[PDB]
Every structure is written in structure tokens, then in C-alpha cells.
């Protein structure tokens, strides 16, 4: 991530957190409708993905600070059969959710910044899980 990029995430994350419920519900609704293939891996409905990414983004400059949580989420992901190739589809639906919510405020840069941020955050998950999948055998 560049500095400017970090800067956009820092300025905008609090507006995303304010509309958290909408982002979360829109994300999951779009995820399951558009990518029916991942439904099987998941009142008990999942709700923490989007806010967890925002929490990561709030600390975009110190991602190691969320390792203790990432480590635990990873155990659950490896247990469910989450693959590296799933990450782009989740990112796509998260970004679409962010876009709908930002509405008019949805500038390109803003979107592109979020696209990058998600990338870096997803990378941490992907590595930690790759490493646990390898540790399993």
C-alpha cells in the first residue's frame, strides 16, 4: 500500500463503520445469490466478515496487530475448506457493498483504495491458512 492509499483508507473507514449494518447485509446477500457454490461451506447466519475487514483497515498500518485474531479465524477457515481462490470473489462482493453504500461519495480512487486494502488484508489470511494447511500434513 502506498501512503496516499493508506490515507484514503484512514479517512473513509469510519464512514464505512457508520453504515456497517448495510454493508454487512448487502455483502452476504450478494455473496450467496451471485456465488451459490460457496453456500455449503458456511437464525445462525454469518455476520462478521465485513466488519472484520474494517477492523483490519482501521489498523492498515499495523496488520500484525490483528494476527492473534487472524490466527484464530484461519483455523476456522482451514476447517471449512476456504481456498485462496475464494478471496477475490469475497472481495468483489465487499467492494460492491462499499460502492452501493458510499453512493455518490463513491469516487474511483476511493474504490481503488479499498480494492488495494482488501488485497493486502486477504494476503495475510491466505498465508496464514496456507501455512496451517501445510502444517496439517
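For the two forms, the rigid core is made up of the largest set of C-alpha atoms that agree within 1.5 Å on superposition. Residue numbers count along the first chain shown, from 1.
Taking 64 to 72 and 45 to 53 in turn, the stretch whose Cα atoms are more displaced from the shown form in 4 other deposited structures of this protein following rigid core superposition is 45 to 53.
The stretch of deposited sequence separating residue 42 from residue 43 contains 4 to 9 residues lacking coordinates in this entry. Stretches compared: 21 to 29, 123 to 131. Higher mean C-alpha B-factor in the entry: 123 to 131.
Once the C-alpha B-factors are averaged per stretch, 107 to 115 and 66 to 74 rank with 107 to 115 first. In this structure the maximum Cα B-factor among 95, 60, 89, 54 is found at 60. Each of 80, 50, 84, 101 has a CA temperature factor in the record; the biggest one is found at 101.
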